[PDB]
Amino acid sequence: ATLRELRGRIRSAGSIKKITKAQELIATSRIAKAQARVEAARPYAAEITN
Amino acid sequence: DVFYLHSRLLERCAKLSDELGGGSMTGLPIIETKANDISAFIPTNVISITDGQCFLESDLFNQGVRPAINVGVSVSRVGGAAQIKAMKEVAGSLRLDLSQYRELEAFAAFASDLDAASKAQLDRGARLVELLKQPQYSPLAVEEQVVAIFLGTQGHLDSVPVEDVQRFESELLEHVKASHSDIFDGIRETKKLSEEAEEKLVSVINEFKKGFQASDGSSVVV
Amino acid sequence: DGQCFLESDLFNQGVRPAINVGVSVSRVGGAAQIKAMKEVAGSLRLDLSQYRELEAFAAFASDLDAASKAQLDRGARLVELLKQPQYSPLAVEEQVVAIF
Amino acid sequence: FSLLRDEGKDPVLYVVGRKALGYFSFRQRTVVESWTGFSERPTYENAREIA
Amino acid sequence: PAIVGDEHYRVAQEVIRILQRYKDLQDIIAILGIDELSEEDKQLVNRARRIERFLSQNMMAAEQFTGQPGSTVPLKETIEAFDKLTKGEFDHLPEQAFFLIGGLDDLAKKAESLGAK
Amino acid sequence: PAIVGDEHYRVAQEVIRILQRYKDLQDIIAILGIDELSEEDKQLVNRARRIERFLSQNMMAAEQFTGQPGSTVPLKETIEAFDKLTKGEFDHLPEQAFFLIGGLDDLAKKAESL
Amino acid sequence: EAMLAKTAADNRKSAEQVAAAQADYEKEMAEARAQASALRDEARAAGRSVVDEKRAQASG
Amino acid sequence: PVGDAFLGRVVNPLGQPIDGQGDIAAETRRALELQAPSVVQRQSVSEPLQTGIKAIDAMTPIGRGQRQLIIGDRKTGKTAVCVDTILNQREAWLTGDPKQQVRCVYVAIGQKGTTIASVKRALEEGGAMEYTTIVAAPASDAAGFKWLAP
Amino acid sequence: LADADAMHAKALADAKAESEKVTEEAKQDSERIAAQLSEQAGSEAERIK
Ligand SMILES: Nc1ncnc2c1ncn2[C@@H]1O[C@H](COP(=O)(O)OP(=O)(O)OP(=O)(O)O)[C@@H](O)[C@H]1O
Ligand SMILES: [Mg+2]
């Protein structure tokens with residue numbers, strides 16, 4: 001049964017790896033968007049500060 | 001000598017030279033694996049002996065993919081030499097499309113973040129997976145397969161929902177066979193899809209799409 | 001005619017006796033119990049198996065509906081109720097009252 | 001919080017997000033007001049309400 | 001479909017597909033939690049938990065082990081109930097309502113027992 | 001370095017590094033698009049694509065399939081060519097110039113053919 | 001003033017009609033398409049039933 | 001024994017009919033251990049063998065003279081694929097041109113008899129039984145028959 | 001406004017014409033399908049005989 005449960009663990013870890021890599025790429029895109037939002041907010045902040 | 005058993009058995013399936021008559025014998029040995037263990041002794045021997053392998057998987061079968069052939073690992077060392085020109089042309093892009101779709105399947109729900117090209121890849125792969133499904137005891141003539149694969153790989157399924165693809169395909173294959181059989185003729189008796197036949201088929205597909213009714217009522221036009 | 005599976009991981013967690021409810025079973029069942037015990041503990045083993053299933057499932061559930069939380073609390077209380085120190089036997093009626 | 005306690009001040013806690021909510025629930029600290037559900041993409045409306 | 005009919009085969013295939021997807025997602029749920037799934041995957045997980053509970057049944061021979069008298073479900077009722085389950089008609093009921101019962105009437109009674117309709 | 005020398009080893013390691021980092025960028029480029037990448041990342045992507053195309057060659061066996069005859073590149077010529085490539089001394093040229101050619105002479109000649 | 005209001009209303013109505021004409025067009029296009037699809041579906045069902053009863057009687 | 005009379009018949013590994021349909025006229029006899037065609041008696045595999053299944057015919061095409069393994073766990077559809085191929089050969093058979101026709105042999109090793117009967121019924125439905133021969137070594141046969149059937 | 005009303009009327013007329021055309025096409029192809037399936041049923045019945 002050792003081999004059976006080891007293979008099960010391998011399958012689980014593979015699925016986890018896929019999910020985590022996808023989330024990492026999605027987070028890259030989200031970082032891009034958030035930085036864009038910060039840039040968009042910058043000018044009004046500068047003007048109101050002035 | 002178990003390897004010798006199977007190897008001597010399976011080496012008698014051959015394509016004879018024209019001097020000996022040109023006859024041939026094609027072997028389709030079946031191997032049952034346990035727990036999908038293709039590294040067992042007899043599966044290893046037979047995999048070594050044969051030219052290509054079609055790996056059928058229980059998980060794919062349960063997922064609805066029928067026949068449950070794992071295109072990722074299934075190989076045919078003979079390859080395009082065993083295909084007619086029309087089939088080789090239309091099916092050329094299937095392998096890469098399917099591989100890219102299997103890579104992108106992890107991003108099914110994040111289509112907003114996917115660039116246009118990658119979302120197109122995902123959608124096309126979904127349609128193509130739905131395309132390869134086939135009911136039992138329903139073999140298709142090579143011309144019918146060529147037309148179905150042409151639908152899949154030319155983007156003519158991009159306007160159809162996944163849940164309808166199969167049905168669409170079948171109905172279209174009926175429609176052509178009912179009223180535009182000359183396309184099937186051309187393909188079968190010339191083994192290639194000529195340009196005029198291709199354009200006529202495209203027009204037929206567009207008319208059928210104007211006629212087609214999706215399951216949810218969505219228009220599949222353009 | 002059945003087995004009492006004992007696990008070291010359950011033993012270390014404080015579950016004494018360390019009986020693994022999900023896989024332990026008696027093949028005689030209520031026929032081996034008095035009427036009162038059979039009444040109070042009719043479906044205790046299935047309850048606890050389902051509770052372990054849910055606890056594994058709700059390990060990282062940010063929130064749960066009312067039913068799931070109620071089942072988890074009931075299962076935790078039952079698991080505590082089944083713990084027992086060594087050399088501390090309970091007469092059958094005491095066990096019936098505790099399970100009740 | 002430690003610095004404010006040193007300065008003879010009492011922290012009055014406000015929270016944006018649920019992770020801090022859970023942390024302070026465990027710590028038993030009271031949260032006067034909490035806004036959640038926009039940490040990933042906050043709008044100016046949420047900031048205006050908080051301010 | 002040739003023997004058991006189109007509806008029976010369709011419902012069985014849908015149940016099998018849902019359960020296979022649930023098995024595939026089970027490890028992800030174990031590690032990352034259920035909140036990190038897509039909305040459709042969350043619906044499928046709820047549906048699959050209810051389906052697997054409903055597949056259980058209180059058997060006549062099992063009363064000795066539970067004290068609960070057994071029940072028998074006709075084939076048509078089974079097909080209809082699992083069609084409804086796969087379509088998400090009972091997604092609102094607690095999953096515990098589907099555990100060790102008979103047909104749809106037993107499901108309604110047990111759901112009422114749990115404070116849901 | 002003990003066997004092939006210092007310069008050969010240095011150029012090989014630089015090529016391997018560039019190709020490895022391009023491989024790392026493959027997934028990001030595919031899912032998120034190339035424009036998501038930085039300017040340094042895009043420069044490296046261009047250089048790595050050029051390097052991996054130059055690793056192709058017109059084989060003698062390829063003569064039967066494609067009429068163009070094969071080429072033999074002396075080892076020193078390969079070392080100097082890939083040293084130049086890793087230094088960006090060819091980024092301006094298009095990718096197509098780097099398919100199935102021999103040494104730097106062939107590279108230039110095909111470049112003037114584009 | 002009434003003439004100006006009428007001109008504005010007529011422009012609005014012309015804009016409405018250039019869309020409602022195509023709307024009704026597509027509406028009964030879809031109606032005819034659905035009716036044809038239903039006719040084909042019932043024809044296929046009738047054929048399947050006919051072949052099934054032929055199978056049964058032939059077997060008997 | 002070997003001959004065209006073995007088409008449409010079910011035999012055991014010794015060629016004796018078991019379908020109960022009478023005798024089989026043998027064109028000649030052939031030893032089971034005759035050597036395979038030599039490396040110089042063959043030519044390249046260049047003719048499609050259409051299985052009728054889009055997956056195989058597009059992704060893993062099978063040419064005439066090829067050995068394509070169908071490998072998988074139980075109840076994954078292996079026999080379905082093979083029977084689909086055998087049925088797909090029907091139009092080629094009806095052509096009448098031997099350069100297109102494919103004679104089919106189905107060797108059933110160790111299967112229970114009713115499973116072989118089911119396969120034969122499926123082949124009869126599709127008309128494949130006119131160009132198909134079944135060599136049956138059911139589960140109840142001696143290990144010698146199971147070893148010799150292929 | 002007059003032109004829009006005329007266009008609407010002609011669009012309705014053309015819609016009616018094409019609807020009749022597609023309906024007759026649907027009837028024709030449904031009859032073709034029914035005849036084909038009946039012929040196939042007869043053929044397979046003769047096969048069973
Ligand atoms: N393409 C298909 N579509 C739907 N059902 C299919 C398909 N192919 C096979 N099946 C069904 O799958 C089940 C298993 O098929 P099959 O017996 O051909 O598989 P197998 O791998 O040869 O099985 P076994 O281990 O029993 O020999 C059967 O119910 C068959 O009807
Ligand atoms: Mg089988």
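Atoms within each ligand, like the ligands themselves, are counted from 1 in listed order. In what follows, every chain begins at residue 1, and chains take the letters A, B, ... in the order their sequences are listed.
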*Kindly indicate, with the supporting measurements, whether the criterion salt bridge (charged side-chain N to carboxylate O under 4.0 Å, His left out) is fulfilled by B:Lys34 and H:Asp73.*
CA-CA 6 Å; B:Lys34 307 181 166 190; H:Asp73 277 5; over 6 Å; no
*Do the numbers put B:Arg188 on top of the ring of B:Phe184, so that NZ or CZ is under 6.0 Å from the six-membered ring centre and no more than 45° off the axis?*
no
*Would you verify whether the NZ or CZ of B:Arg124 falls within 45 degrees of the ring axis of B:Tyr101 while also being under 6.0 Å from that six-membered ring's centre?*
no
Closest non-hydrogen protein atom to [atom], residue and atom name please, with distance?
atom: atom 21 (O) of ligand 1; value: H:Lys78 NZ, 2.9 Å
atom: atom 19 (O) of ligand 1; value: H:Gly77 N, 3.0 Å
atom: atom 30 (C) of ligand 1; value: B:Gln136 OE1, 3.5 Å
atom: atom 12 (O) of ligand 1; value: B:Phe61 CZ, 3.2 Å
atom: atom 18 (O) of ligand 1; value: H:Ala80 N, 2.9 Å
atom: atom 14 (C) of ligand 1; value: H:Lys75 CD, 3.7 Å

*Measure the spacing between NZ of H:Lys78 and CD1 of B:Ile30 and express it to the nearest 0.5 Å.*
7.0 Å
_Distance check, rounded to the nearest 0.5 Å: H:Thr60 atom OG1 versus H:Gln68 atom CD?_
5.0 Å
For [X], atoms of ligand 1 separated by under 4.0 Å from a heavy atom:
X: B:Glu32; result: 25 (O)
X: E:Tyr9; result: 4 (C), 5 (N)
X: H:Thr79; result: 18 (O), 22 (O)
X: H:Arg74; result: 25 (O)

*Side-chain H-bond candidate by donor/acceptor type, B:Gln213 with G:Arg40, under 3.5 Å*: no
*asked:* Do H:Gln50 and H:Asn88 pair up side chain to side chain, a donor and an acceptor below 3.5 Å, judged on atom types alone?
replied: no
*asked:* Please determine whether salt bridge (charged side-chain N to carboxylate O under 4.0 Å, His left out) holds for the pair E:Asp41 and E:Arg21, giving the CA-CA distance in whole Å, both sets of side-chain angles, and the decisive distance to 0.1 Å.
replied: CA-CA 9 Å; E:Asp41 271 352; E:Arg21 182 56 165 155; 3.1 Å; yes
_Test log, rule salt bridge (charged side-chain N to carboxylate O under 4.0 Å, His left out), inputs B:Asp123 and B:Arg127_ = CA-CA 6 Å; B:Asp123 179 34; B:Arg127 281 88 169 95; 2.7 Å; yes
*Work out whether the distance between some heavy atom of B:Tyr137 and some atom of ligand 1 is less than 4.0 Å.*
no
Flag: protein heavy atom within less than 4.0 Å of [atom]:
atom: atom 25 (O) of ligand 1; value: yes
atom: atom 1 (N) of ligand 1; value: yes
atom: atom 4 (C) of ligand 1; value: yes

*Can you tell which part of B:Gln134 has a heavy atom less than 4.0 Å from ligand 1: side chain, backbone, both or neither?*
backbone
_Residue H:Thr79, metal the Mg ion (ligand 2), N/O/S under 2.8 Å_ = yes
*Are the aromatic rings of B:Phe208 and B:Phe168 close, with centres under 6.0 Å apart?*
yes
